[PDB]
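In structure tokens, the next block holds one chain alone, the form deposited in one PDB entry.
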């Protein structure tokens, strides 16, 4: 049992080592820069605005030139705007070469009441391997889920990075998760009120679960694979949706396979496994036309989701 609790800005060039039953609490700094390896055992590494045990305007975390980030415990990044309401260039940038997450990796932002001013967030290790739980949550000052109009944009992966999910991702609240790199494995992605944008050409082995008005959007051309998407439906906790880039010509649902196909006027056909027991007559289809894809063909279903 060792607690370390360190206040103020940090430029850390030494290895970060958290032993079993230990806590390392970095807080109260506006600037954090780590450049060496991380080894987190059965303990907690916390980097945040306020102490793990509970004020600058800004929060900047950079992990860059780190060879290996090995997480076997809890790795928390927390940036809640409390009293503060100034708009700053707050950022979370996680670019280690190797990130192996066997435990819990949890990013928490939000607390925006007035001006819509959220941090830049990019999680793009060259090699990001998740065997554990990756959480991104947007919370109020009290720690409730934030579901307002100020959307936290999160970039996951990049054009040349490799991302593997073998367990769980869960994005909760007003989050736009832009999947900008190759993702593979065999895992669940839980979208609890959040949107996920499949921008890449490899997005494989991921079962997507839409909860509380969560949405799946693809901007890339149709994949080889048929993504399993659970939760299409309309309830009091909202309307979940599947959307593809372009202008929709038609849809077909096969009640015998549980596969829906969305065909665009360009003749691109997107296929998703939504499950059995849908009624064709209760599907709704809309072309959205505006501003990343200008246009989306949006599939919804008028009745509650039944597993």
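Positions refer to the first chain, counted from 1. Under this definition, the rigid core comprises the largest set of C-alpha atoms superposing within 1.5 Å between the forms.
The same protein has a further form, the form deposited in another entry, not shown here; the description that follows concerns it.
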Review point. Which residue in 86, 120, 166, 159 stands out, with a C-alpha shift of 2 Å or more between this form and the one not shown when both forms are set on the rigid core?
Key: 86
Check your understanding: Your call: residue 109 and residue 87 CA atoms, closer or farther in the other entry versus the shown structure, by 3 Å or more?
Key -> closer
Check your understanding: How does the CA gap of residue 81 and residue 149 change in the other entry versus this form, closer or farther, if it moves 3 angstroms or more?
Key -> farther
